[PDB]
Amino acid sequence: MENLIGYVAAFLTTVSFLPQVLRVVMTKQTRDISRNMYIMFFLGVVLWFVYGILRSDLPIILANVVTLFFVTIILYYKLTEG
């Protein structure tokens, strides 16, 4: 049950960026998105990923590796003339 809530919470925050990734490319707008947010966020999951390794905490390990991918795509789009 500990594990169930971890992987569902992990799924939730991770796949939450997908509607955001989609919105960016379909609407071609990043204007309202904060650069400072995703930048600050990008370093966080990296430190979260390391924390999870040192913690042997898998739901946060899995969550942060996939979230990094999602966040890097939104970050990329925002960084290029947005």
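The numbering used is simple: start at 1 and walk along the sequence shown.
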Query raised in the report: What third of its chain's C-alpha B-factors does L54 belong to: lowest, middle or highest?
Result: middle
Query raised in the report: Where does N36 sit by CA temperature factor within its chain: lowest, middle or highest third?
Result: lowest
Query raised in the report: Taking the C-alpha B-factors as the PDB entry records them, is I74 in the lowest, middle or highest third of its chain?
Result: middle
Query raised in the report: By the record's CA B-factor, is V21 among the lowest, middle or highest third of residues in the chain?
Result: lowest
Requested in this report: Give the position of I61 by CA B-factor within its chain, expressed as the lowest, middle or highest third.
Outcome: highest
